[PDB]
Structure formats: structure tokens, C-alpha cells
Number of protein chains: 4
Amino acid sequence: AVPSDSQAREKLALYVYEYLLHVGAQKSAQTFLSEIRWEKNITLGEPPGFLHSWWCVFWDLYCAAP
Amino acid sequence: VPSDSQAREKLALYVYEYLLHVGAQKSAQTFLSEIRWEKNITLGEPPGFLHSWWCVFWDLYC
Amino acid sequence: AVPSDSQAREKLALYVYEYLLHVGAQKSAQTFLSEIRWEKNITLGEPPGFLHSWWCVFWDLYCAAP
Amino acid sequence: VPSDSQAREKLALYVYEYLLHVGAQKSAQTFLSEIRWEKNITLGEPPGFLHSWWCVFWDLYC
């Protein structure tokens, strides 16, 4: 009843929306906001977007191994 | 190490999964069309790889 | 001449200091601040500390593989 | 997956490395004494594993 990861989920949606726009999937991005009933501001940062930047590092660490 | 190409492809795959699991199928299907995804589409259990790892990292930096 | 990762390095030092205190290495923590000529505030959060928390996740991802 | 024990031990090892590379040898040596580190001590090139990965992640969340 009291979300834990609320901020994280909101932000993931924001940054997925940004990602979709940035990869040229505008219709997908628009439909995404509709489907999830987005009610917040959309403030997009300087590209590259957060998700792509994050993914670059994440994927590097995921592929790395001891 | 991982190639830029591989990283990009995997991100698209995992975003597709995310969109399905968050309940945005129309968006997910449109996404594959807009990026001209031709390869095999597979996914796993909800909410998905991206969601799972995103949230654990987000929590740290809060 | 114009640092890039300045904040990151400052914060790493802060959180290493916290880690050292938390693992019972008080003398190490004290000597650390002396050796690096620390001139900033020391504001410690609720334990567990940031570095241990971060490491838990980082190490999980490092050990994971495709 | 990785055990809590393994994670803790590796963190200590990499903090030791960090302390050496940042120029805090007295702190590093004291650290090993305070945690009663008995095992093999090894390290690599500066600034070290912890520094390297810390900074790349920190930059993301800035």
C-alpha cells in the first residue's frame, strides 16, 4: 500500500519515454505516455539521454566478470 | 569491452520487455515497427531485466 | 586543470571514511582524513553506509553475466 | 548470488587499494591491522578498481 520504489519507477518511465524519442520511435513514446496515464511533467535533459548513458555503464559492468 | 552495437541492441530488447510488462503493449509493438526490429523477440518474467536492475541502482543514489 | 570527476572523488573519500568508521577501523579513518588533507564537512548518513550499500549492488552486477 | 562474506572481503581489499593509490599509506596499513586482515594482499594499477567504477557510476547520477 505504501510504495517503496515509487520514484524509481516514475523515473524509469520518464527516461524510457526520452529513450523512445531519441531512437526515433516517436509514436511509441506518445503511445507509452497514454498507456501508462502519465500525469507528470516531462523535462528532458541534454542528449544523450539518461537511459542510454546509464545503459552504457550498466552493460559494461554486466559483461565484466571477476 | 562490449561493442556499442551489442549494447544498443540489448537496450532495445530490454526496453521492449519493459514496455510489455508495464502494460504498454501498443507502445511496445509500435517500438519494434519504428526501429525496424527484425530479429527474434524474446522476453522473460515481469517486470523485466531493465526494471529490476534500474530500481536497485536508483535506490542507492537516493 | 579543470577537474571532471571532482565531485565523484570527493564523495568517494567521504564514503570511504564512513566505511572505515563503520567496520571499526577508527584509527584508519582518522589517519585517512589527515593524509588527504580533508577540508570539507563530514556528514554521515544512517547506516549501513553508502559505500557498503553501493558495493552490495555493484558486486552483484559485477558477478552477474550474460 | 555472491555471498555476503565474499562481497565484504572484496570491498575491504579494494578499499585498501584505494587508500594506497590516493596516497593514504599510513591509513591503509592501519586498516589492515584494525580489521585483522590475514590473507594475501595484492593490488593493481592506480587509481584502482573501486575508484574506477565509482567515478563512472557517480557521473551517471549527476
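Residues numbered from 1 in each chain as written, not as in the entry; some residues may be left out. Chains lettered and ligands numbered in written order. Heavy atoms only, no water. Residues with missing side-chain atoms left out of burial classes, pairs and counts.

Novice: Any chance you could explain the UniProt feature "domain: LisH" in chain B here in plain terms?
Specialist: Listed under "domain: LisH" in the UniProt record, and renumbered for this structure, are residues 7-39 of chain B. Between the first and last C-alpha atoms of residues 7-39 of chain B the distance is 15 Å; the span itself is 76% helix and 0% strand. (UniProt positions renumbered as here; feature names shortened; annotations may be inferred. Helix = DSSP H or I, 4+ residues; strand = E, 2+ residues; numbered from the N terminus.)

Novice: It is not clear to me how the UniProt feature "domain: LisH" in chain A should be interpreted in this structure. Could you clarify?
Specialist: Look at the UniProt record and you will see "domain: LisH" annotated at residues 8-40 of chain A. Segment residues 8-40 of chain A splits into 76% helix and 0% strand. End C-alpha atoms: 14 Å apart.

Novice: For this particular structure, what's the right way to read the interface of chain B and chain A?
Specialist: In many analyses, interface size is given as the accessible surface area lost on bringing the parts together. Facing 31 residues of chain B, the contacting portion of chain A comprises 31 residues. Here chain B and chain A share an interface that buries about 2800 Å² over both sides, 74% of which is from carbon and sulfur atoms. Interface area lost by chain B to chain A is led by B:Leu11, B:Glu34 and B:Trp54, which between them contribute 24%. In this structure, the connection of chain B to chain A is made through two salt bridges. Of the charged contacts in the structure, one is a salt bridge between B:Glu34 and A:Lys27, with a shortest N-O distance of 2.9 Å. Taken together, the links from chain B to chain A amount to 13 residue pairs in polar contact. When residues of the side of chain B that touches chain A are traced back to their parent elements, those giving at least two are α1 (4-21), α2 (25-34) and α3 (49-61) of chain B. By residue number, the principal contributor to the side of chain B that touches chain A is α1(B), which donates 10 residues. (Contact = heavy atoms within 4.5 Å. Buried area = accessible area lost by both parts, 1.4 Å probe. Salt bridge = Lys/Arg side-chain N within 4 Å of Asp/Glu carboxyl O. Polar contact = N/O pair within 3.5 Å; in protein donor to acceptor, adjacent residues only side chain to side chain.)

Novice: I tried to follow the interface of chain C and chain D on my own but got confused; where do I start?
Specialist: Listed by partner, the interface residues are 31 residues for chain C and 31 residues for chain D. Buried surface at the junction of chain C and chain D, summed over both partners, amounts to about 2800 Å²; 74% is from carbon and sulfur atoms. Looking at the side of chain C facing chain D, the largest losses of area belong to C:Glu35, C:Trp55 and C:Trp59, adding up to 22% of the total buried there. Linking chain C with chain D are two salt bridges, by the criterion used here. The partner of C:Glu35 in a salt bridge is D:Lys26, with the nearest N and O atoms 3.0 Å apart. In this assembly, chain C and chain D are joined by 13 residue pairs in polar contact. Elements that contribute at least two residues to the side of chain C that touches chain D include exactly α1 (6-22), α2 (26-35) and α3 (50-63) of chain C. For the side of chain C that touches chain D, the per-class residue count stands at 19 nonpolar, six polar and six charged. (Nonpolar A, V, L, I, M, F, W, Y, C, P; charged D, E, K, R; others polar.)

Novice: Teacher, can you tell me more about the packing of helix α3 (residues 50-63) of chain A against α3(B) here?
Specialist: Between α3(A) and α3(B), the shortest axis-to-axis distance is 12 Å and the interhelical angle comes to 95 degrees. By the angle between their directions, the pair α3(A) and α3(B) is classed as roughly perpendicular. Across the interface between the two elements, A:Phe50, A:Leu51, A:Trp54, A:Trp55, A:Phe58, A:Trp59 and A:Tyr62 of α3(A) pack against B:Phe49, B:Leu50, B:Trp53, B:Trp54 and B:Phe57 of α3(B). Its residues assigned to classes, the contact of α3(A) with α3(B) comprises 12 nonpolar, no polar and no charged. (Axes fitted to C-alpha atoms, helices over the stretch in contact; angles between N-to-C directions. Parallel < 35°, antiparallel > 145°, perpendicular 65-115°, else oblique.)

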